[PDB]
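K.L.:
Sharing a structure below in structure tokens format, with a few things to ask.
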Amino acid sequence: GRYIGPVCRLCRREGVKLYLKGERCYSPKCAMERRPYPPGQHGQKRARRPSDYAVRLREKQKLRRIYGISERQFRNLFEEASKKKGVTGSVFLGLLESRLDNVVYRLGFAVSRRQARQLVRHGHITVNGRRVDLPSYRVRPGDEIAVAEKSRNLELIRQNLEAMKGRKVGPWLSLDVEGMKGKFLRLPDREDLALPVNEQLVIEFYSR
Amino acid sequence: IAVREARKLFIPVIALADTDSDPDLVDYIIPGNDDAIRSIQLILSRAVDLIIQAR
Amino acid sequence: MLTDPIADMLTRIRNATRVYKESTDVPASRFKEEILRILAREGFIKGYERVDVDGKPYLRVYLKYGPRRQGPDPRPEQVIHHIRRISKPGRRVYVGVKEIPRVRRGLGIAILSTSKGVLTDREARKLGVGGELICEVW
Amino acid sequence: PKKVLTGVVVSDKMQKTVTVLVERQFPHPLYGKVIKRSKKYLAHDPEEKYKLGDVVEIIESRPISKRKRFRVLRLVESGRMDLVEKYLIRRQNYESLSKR
Amino acid sequence: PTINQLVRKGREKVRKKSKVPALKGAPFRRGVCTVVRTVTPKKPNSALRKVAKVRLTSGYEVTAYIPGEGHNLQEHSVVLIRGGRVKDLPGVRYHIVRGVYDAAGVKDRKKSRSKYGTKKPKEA
Amino acid sequence: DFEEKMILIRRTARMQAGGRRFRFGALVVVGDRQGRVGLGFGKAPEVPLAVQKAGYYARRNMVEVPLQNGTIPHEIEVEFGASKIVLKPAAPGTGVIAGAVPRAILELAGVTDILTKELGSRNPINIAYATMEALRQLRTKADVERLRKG
RNA sequence: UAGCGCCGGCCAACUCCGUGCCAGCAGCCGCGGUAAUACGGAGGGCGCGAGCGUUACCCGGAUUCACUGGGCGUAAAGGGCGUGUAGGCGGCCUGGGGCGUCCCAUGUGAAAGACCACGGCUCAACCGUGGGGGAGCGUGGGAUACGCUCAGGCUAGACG
RNA sequence: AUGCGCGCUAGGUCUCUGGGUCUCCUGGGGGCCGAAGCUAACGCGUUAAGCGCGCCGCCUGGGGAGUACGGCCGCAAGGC
Ligand SMILES: [Zn+2]
């Protein structure tokens, strides 16, 4: 049971532009370029110095809201990453990036993750020529993600993938727009992502 | 008090010590006499003359 | 009564070093000589020497200190910051090869009485033996 | 292999039977100190050839009686009376520990 | 102490004391009221706290607290007793669950309804 | 050039001829996230003056922290008064595991991976002093080998 | 289909109305006796979300039974003082025995569970295959610095 | 309000009592002031509450309570 409801309020509360809407949050309408203060009655009052707990919680909430996954799933992913080899932050971000709907968004089939989730759930996305319809499917480096043959004529798909011409996708990915398909080359690195999150705060939060 | 201040401010200390002094707190010690005008006269005179000809 | 000679020697060294004495004397034995040797190579003490005091054989230890420091409390830094006794009469500590401790991430040493003589942790690990854990120094 | 234990003889007041006090040493589970403990076994000697203060070896065997499951293997040392004395005095000190 | 003193004697383990003896290691108990009364706080506080003297399905007769704006507990009402001590009244260490057996939910609550068990009001 | 973190302010009182007179004490940490930290304690009749004074003292009283991979060379235990601090190096990807006071001190020195524990008394002032002492008592391989070998 | 708990500090999240030491809240410190961010309601807000809270019990925090890792002049804590049994502990040098101790090899340490690597259920939970680890015991062989034992000495403890 | 034994860690001063090569030096007691160090602080500091080793005793928030019951001892008060 994902979070369904007003979105740019999260943009405001976090105080940073989380691209959770698509085209609107690019135009002068993101409701962050106008009224960048937090929501509610006491939005535009002078803010007290936040505690350490406030800081850690806010960072974690921001990171969790970027991907739009449940707290339970987030915690489980963090536990999984904490138990593996290498840097916890890097591995955690990589595992967060291995979701099917996230890859769908990255490849550009969808405009937003909230849309990529709907595309995957409604069986419009195939992996290795086999229909996969769960947003949490972890894709491994070296899998082919394509659009289902029955769902090619969808004007949503056509319009979305027309905008990908002369546009650069992530260096850890490859895209064939003519074939309407993509390849997941490798796990993304810390620097390959432009996330406005310092994951050290997230680690510190979850340790306690 | 002066010695303590100089120690605190990393200022080198030169002292004409005697038997009842602490050798550790002095950077450059001249083990001699603190009384006997004659001793003070000799030591200070030599030091001042050396400063004079050094300039 | 003198129940522990090795602890006594370590305490003598510590007490001497805390007041910046250049040399200390300890009643002599082979085992103490081995401890002093191990300490000598690692460059903790300046060096040991066998002497005789009223016919009784003693070991004289020449100690080592850092350079004179600047500012308040000009006393020089120590080379032996900390020294302890691990295995004491009434509680002996014996460790296998796997359980040999690491001291200050390799900065400090631990002395083992292995079946192949008195060694450091590094030497013991190389030789793949354990034994009685005498002391740790750093 | 059949267990072999070594101890002093502390009682020969029975027919074809000796009492052997076996000593054991082991580190404490928690504190690591070397603990020393003792146990008594009734050993079988059909020839009556062992007396007080003989450090002897006992070996595991088929039951002979209710409390006898060990035989006497061989003799190690004789005349070691001090251990018997120590055991006796330890056992004797109990009359001092009474309440009534 | 010495290692010898620890071998000989060891360390005593600390055991807890149950703050709710009357329950006998159960989340709740079922009881019957005998007295429904009001009592006064300890000192710094002042009120008339409602209190019920319950007899449990255990072998215990204990006082319990009735939380909320009002109650309906008579002299023979079947009630459910829950853990929890009241700081003011010196001796009561149990609460009553509101809205189980005979105790009813506090009418016209809107904020914390799970506590003080009241059904969600109809909005139309 | 430096960052300031305010550990605490406390209002203390002294009794005059039938009356209370107040003073304010501030504990300020100053750092550059590069291995230089100072700690200051400032008392003044008013809070801003206390904070200014603490900042001044902190800038006047600095220590160098020998970092590598953003961690400590070796574990250290330091007891100041009745309070004790334990610091241990951690592999990268751990984060700063500490209470408010040690965390604030260690972050401003640039430490990114460390394990800490406070023992005995947990007065923030004493804990802060103990932390600074431990940071002052850190040696590297080079320093130790220079002392021992020459 | 969208609920539930919180918004004085701990602990993320604040204004108005109602009441006025009442009614009530409470896990601790504590709120309420007229402008209550702590009670009841509303609007906002925060945290989780087919779940959300409470009660009971266990580990943690508790280094608050302290082996790792505590203490006793005044905070709780040196026996009123001797003599002394069991026990615990014990100087220097040389040799024998290998008991403790250390090491190598080997037999166990069932499966399942835990760890790692691959896989099968569209993912996961779940499950399959493979590999390793493992405290502790038994057997064979080895070392002798330390503790033990047995001999031979020494005078720095002790006693004449 | 400081268990016993042993070893090590600057000194200055007063005093009781032995020895010597008697200005002084070397033992054993009793007191003050103080290095390093220790302590929450007061203070301790070669007569340690410093640094160490061995053995014993004891502590685990206040009150209820040295009370209750039980056991041992006492003529009893009472004691453990
Ligand atoms: Zn927006």
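Identifiers for the structure tokens are assigned positionally: chains receive A, B, ... in sequence, residues are indexed from 1 per chain, and ligands are indexed from 1 in the order shown.
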Pull out every residue of chain D that has at least one atom within 8 Å of chain E, counting only C-alpha atoms, and report them as a PyMOL selection string.
P.N.:
chain D and resi 28+31+33
K.L.:
Can I get the selection written as a PDB file, in the first residue's frame, with C-alpha atoms?
P.N.:
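To be explicit, this is the file written out as result.pdb:
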```pdb
ATOM      1  CA  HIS D  28      36.932 -22.403  35.323  1.00  0.00           C
ATOM      2  CA  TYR D  31      36.983 -16.914  35.291  1.00  0.00           C
ATOM      3  CA  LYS D  33      41.411 -19.916  36.866  1.00  0.00           C
TER       4      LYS D  33
END
```
K.L.:
Quick one: which residues from chain H are at most 7 Å off chain C, using only C-alpha atoms (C1' of nucleotides), as number ranges by chain?
P.N.:
H: 5-9, 36, 51-54
K.L.:
For ligand 1, return the neighbouring residues as a list in words (distance at most 9 Å; only C-alpha atoms (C1' of nucleotides) and all ligand atoms).
P.N.:
residues 7, 8, 9, 10, 11, 12, 16, 17, 18, 19, 20, 21, 22, 24, 25, 26, 29, 30, 31, 32 and 33 of chain A
K.L.:
DSSP on the backbone, strand (DSSP E or B) only: what residues of region 2-37 of chain D does that give? Format it as a PyMOL selection string.
P.N.:
chain D and resi 4-14+17-27+34-37
K.L.:
Tell me, as number ranges by chain, which residues lie within 10 Å of residue 21 (chain G), counting only C-alpha atoms (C1' of nucleotides); anything in the same chain fewer than 6 positions away does not count.
P.N.:
E: 44-47; G: 32-33
K.L.:
Write out as a list in words which residues come within 9 Å of residue 52 (chain A) when counting only C-alpha atoms (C1' of nucleotides), dropping same-chain ones fewer than 4 positions away.
P.N.:
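Counting only the stated atoms, we get residues 56 and 57 of chain A; 100 of chain F.
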K.L.:
Mind listing the helix (DSSP H, G or I) residues of chain F, per DSSP on the backbone, as a PyMOL selection string?
P.N.:
chain F and resi 47-60+100-107+124-136+141-148
K.L.:
Between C1' of residue 78 (chain G) and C1' of residue 50 (chain H), measure the distance and give it in Å to one decimal.
P.N.:
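For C1' of residue 78 (chain G) relative to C1' of residue 50 (chain H), the distance reads 20.3 Å.
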K.L.:
List every residue of chain G that has an atom at most 6 Å from any atom of chain C, and for each one report the closest atom pair and its distance in Å to one decimal, counting only C-alpha atoms (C1' of nucleotides), with rows sorted by chain and then by increasing residue number, as JSON lines.
P.N.:
```
{"residue": "G:90", "atom": "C1'", "partner": "C:3", "partner_atom": "CA", "distance": 5.4}
{"residue": "G:102", "atom": "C1'", "partner": "C:130", "partner_atom": "CA", "distance": 5.4}
{"residue": "G:143", "atom": "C1'", "partner": "C:115", "partner_atom": "CA", "distance": 5.7}
{"residue": "G:144", "atom": "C1'", "partner": "C:115", "partner_atom": "CA", "distance": 5.9}
{"residue": "G:145", "atom": "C1'", "partner": "C:117", "partner_atom": "CA", "distance": 4.6}
```
K.L.:
For residue 20 (chain B), work out the shell of residues within 10 Å, counting only C-alpha atoms (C1' of nucleotides) and skipping chain neighbours fewer than 3 positions away, then give it as a list in words.
P.N.:
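The filter keeps residues 17, 23 and 34 of chain B.
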K.L.:
Suppose you want the space between CA of residue 107 (chain C) and CA of residue 25 (chain C); what is it in Å?
P.N.:
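Result for CA of residue 107 (chain C) versus CA of residue 25 (chain C): 27.3 Å, one decimal.
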K.L.:
Counting only C-alpha atoms (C1' of nucleotides), figure out which residue out of F:139, F:148, F:14, F:117 gets nearest to residue 63 (chain G).
P.N.:
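With only C-alpha atoms (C1' of nucleotides) as the atom set, the closest residue is F:117.
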K.L.:
Return the neighbours of chain C among the residues of chain B, cut-off 6 Å, counting only C-alpha atoms, as a list in words.
P.N.:
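Going by the stated atoms only, the list reads residues 7, 8 and 10 of chain B.
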K.L.:
Determine, counting only C-alpha atoms (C1' of nucleotides), which protein, DNA and RNA residues have an atom within 10 Å of an atom of residue 119 (chain E); residues of the same chain fewer than 2 positions away are not included. Present the result as a list in words.
P.N.:
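Counting only C-alpha atoms (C1' of nucleotides), the residues come to residues 99, 105, 107, 108, 109, 110, 113, 114, 116, 117, 121 and 122 of chain E.
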K.L.:
Next, dump the selected residues to file, keeping only N, CA, C and O atoms, as a compact mmCIF listing (two decimals), in the first residue's frame.
P.N.:
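The file below, selection01.txt, is the result:
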```
# COMPACT_ATOMS: atom_id res chain seq x y z
N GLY E 99 -15.24 -0.48 27.14
CA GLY E 99 -16.00 -0.98 26.00
C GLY E 99 -15.72 -2.45 25.68
O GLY E 99 -15.51 -2.80 24.52
N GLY E 105 -17.95 2.49 25.89
CA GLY E 105 -17.13 3.55 25.34
C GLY E 105 -17.64 4.92 25.76
O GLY E 105 -18.85 5.14 25.83
N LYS E 107 -18.93 8.33 25.49
CA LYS E 107 -19.73 8.94 24.44
C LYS E 107 -19.06 10.23 23.94
O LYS E 107 -18.53 11.00 24.73
N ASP E 108 -19.08 10.40 22.61
CA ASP E 108 -18.66 11.61 21.92
C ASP E 108 -17.17 11.88 22.14
O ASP E 108 -16.78 12.98 22.53
N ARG E 109 -16.34 10.85 21.90
CA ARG E 109 -14.91 11.03 21.74
C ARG E 109 -14.56 11.02 20.25
O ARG E 109 -15.26 10.39 19.46
N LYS E 110 -13.48 11.71 19.88
CA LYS E 110 -13.20 11.99 18.48
C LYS E 110 -11.72 11.81 18.14
O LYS E 110 -11.37 11.76 16.97
N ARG E 113 -9.87 7.04 20.10
CA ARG E 113 -11.06 6.21 20.23
C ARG E 113 -10.71 4.75 20.49
O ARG E 113 -11.50 4.04 21.11
N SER E 114 -9.54 4.30 20.02
CA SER E 114 -9.08 2.94 20.26
C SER E 114 -8.94 2.70 21.76
O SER E 114 -9.51 1.76 22.30
N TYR E 116 -10.32 3.99 25.21
CA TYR E 116 -11.68 4.40 25.53
C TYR E 116 -12.62 3.94 24.42
O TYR E 116 -13.24 4.77 23.75
N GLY E 117 -12.70 2.61 24.25
CA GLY E 117 -13.17 1.98 23.02
C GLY E 117 -14.53 2.48 22.53
O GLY E 117 -15.57 2.10 23.07
N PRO E 121 -17.57 7.42 14.54
CA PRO E 121 -18.84 8.10 14.29
C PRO E 121 -19.15 8.16 12.80
O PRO E 121 -18.24 8.26 11.98
N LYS E 122 -20.44 8.07 12.47
CA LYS E 122 -20.90 8.12 11.09
C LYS E 122 -20.87 9.56 10.60
O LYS E 122 -21.38 10.46 11.26
```
